[PDB]
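Here is the structure we will look at.
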Amino acid sequence: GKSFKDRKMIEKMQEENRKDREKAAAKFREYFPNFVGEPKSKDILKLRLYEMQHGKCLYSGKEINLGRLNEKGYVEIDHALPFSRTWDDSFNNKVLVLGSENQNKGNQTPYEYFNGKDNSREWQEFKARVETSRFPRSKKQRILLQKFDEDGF
Amino acid sequence: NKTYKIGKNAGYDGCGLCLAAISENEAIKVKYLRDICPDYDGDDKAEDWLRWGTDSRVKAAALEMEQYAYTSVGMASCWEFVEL
């Protein structure tokens, strides 16, 4: 039932994804030779987001120590927009943040937490941090969303 | 989809699919799928519980939690647990 073209793309995609997975794992091991066990998707993504965010906690702007990237409780991947209010589990909603800063934000959106409704200095600085990150434009847009319909939840 | 604050000693580790034990309207323990099943290599999307809810160590982890509290599959996000 499958086309010739679909067969060839399935084979090439499977091999390219195997190479990409293999290089990402070796790069992680290069920075963390003493990592105990096998790096998982969450660990690889922590390093990717660390790089996209220029090494800074997205909520506070504080420098994340790369040596401590895998330390217990130090930094976390979490959602910018709470899943309970958005059902948004996408990559565009994922950010790397200090655990203490993430706990302070809690179930607020960034627009609420940084007082975006008053165009506060904190909101302007957060937006500036998001805008200068190496996030795709649709990811920048997601993190800064102001308007939500929570009636479906 | 009831939502519960995740407690301070629950094992929070950022966003992710997880089991939660709920007591006095709070998630007192969470166990992430990625820890229960070290072979879940995915990206923590809600619809993945329709597949993963059947794995034996998920059932075993849930049964142990049920010995002390109401337990459900769901999503951890922004220090909340959402039942799925």
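As you go down the protein sequences, you meet chains A and B in turn.
Just so we're aligned, residue 510 is where the first sequence starts under full-length UniProt numbering, counting upward by one.
Just so we're aligned, residue 3 is where the second sequence starts under full-length UniProt numbering, counting upward by one.
Where a beta carbon is used, it is the ideal one built from N, C-alpha and C, also for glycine.
Q: Check the Cβ-Cβ distances between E66(B) and every residue of chain A, and say whether any is below 8 angstroms.
A: Taking the first residue of the second sequence as position 1, residue 66(B) is located at position 64. Cβ-Cβ to chain A under 8 angstroms: no for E66(B).
Q | CA-to-CA distance, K61(B) to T73(B), given in whole angstroms | A | Working through the second sequence from its first residue, we reach residue 73(B) at position 71. Working through the second sequence from its first residue, we reach residue 61(B) at position 59. Looking at the two C-alpha atoms, the distance is approximately 11 angstroms.
Q: State the DSSP-derived secondary structure class of residue 666(A), mapped to helix, strand or coil.
A: In the structure as shown, chain A starts at 510 and stops at 662, and residue 666(A) therefore has no counterpart that could be examined.
**Q.** Pairwise C-alpha distance: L607(A) and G13(B)
**A.** Counting from one through the second sequence, the residue named residue 13(B) turns up at place 11. Counting from one through the first sequence, the residue named residue 607(A) turns up at place 98. Cα to Cα, the separation comes out at about 16 angstroms.
Q | C-alpha gap between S25(B) and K511(A), whole angstroms | A | What you label residue 25(B) is simply residue 23 of the second sequence in a count that begins at 1. What you label residue 511(A) is simply residue 2 of the first sequence in a count that begins at 1. For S25(B) and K511(A), the distance between alpha carbons rounds to 51 angstroms.
Q: Using the Cα positions of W51(B) and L19(B), report the straight-line distance between them to the nearest angstrom.
A: As a first step, residue 51(B) is located in the second sequence; it is residue number 49 there, counting from the start. As a first step, residue 19(B) is located in the second sequence; it is residue number 17 there, counting from the start. Approximately 8 angstroms, taken between the alpha carbons.
Q: State yes or no: is the C-beta of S550(A) within less than 8 angstroms of the C-beta of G44(B)?
A: Working through the first sequence from its first residue, we reach residue 550(A) at position 41. Working through the second sequence from its first residue, we reach residue 44(B) at position 42. Cβ atoms of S550(A) and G44(B): closer than 8 angstroms.
(Q) Can you check whether the C-beta of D552(A) is within less than 8 angstroms of a C-beta belonging to chain B? (A) What you label residue 552(A) is simply residue 43 of the first sequence in a count that begins at 1. So no, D552(A) is outside the interface.
Q) What residues from the stretch 18–43 of chain B come within 7 angstroms of chain A, judged by C-beta to C-beta, listed N to C? A) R36 and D43
Q: For my contact list, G564(A) and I573(A) are in at a C-beta cut-off of 8 angstroms; report their separation, rounded to the angstrom.
A: Indexing the first sequence from 1 puts residue 564(A) at position 55. Indexing the first sequence from 1 puts residue 573(A) at position 64. The pair is a contact, with the Cβ atoms about 6 angstroms apart (cut-off 8 angstroms).
**Q.** Closer than 8 angstroms to chain B by CB, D598(A)
**A.** Residue numbering aside, residue 598(A) sits at position 89 when the first sequence is read from its first letter. Taking Cβ atoms only, chain B reaches closer than 8 angstroms to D598(A), which makes this a yes.
Q. Counting pairs of beta carbons, one from the stretch 641–659 of chain A and one from the stretch 25–35 of chain B, are three or more of them closer than 8 angstroms?
A. no
Q) Exposed or buried, what is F544(A) when buried is set at 16 or more other beta-carbons lying within 10 Å of its beta-carbon? A) For the purposes of this step, residue 544(A) is taken as the residue at position 35 of the first sequence. So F544(A) counts as exposed.
Q.
Could you check whether the Cβ of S74(B) sits closer than 8 angstroms to any Cβ belonging to chain A?
A. What you label residue 74(B) is simply residue 72 of the second sequence in a count that begins at 1. Taking Cβ atoms only, chain A never reaches closer than 8 angstroms to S74(B), which makes this a no.
Q) List, in order along the chain, the chain B residues whose C-beta lies closer than 8 angstroms to that of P591(A)? A) The residue labelled residue 591(A) in the question sits at position 82 within the first sequence. Neighbours of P591(A) on chain B, chain order: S79, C80 and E82.
Q. Where does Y568(A) sit, in a helix, a strand or coil, going by DSSP?
A. What you label residue 568(A) is simply residue 59 of the first sequence in a count that begins at 1. Correct three-state label for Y568(A): coil.
Q: Entirely within the stretch 539–591 of chain A and at least 3 residues each: give me those beta strand (DSSP E) ranges in chain order.
A: 584–588
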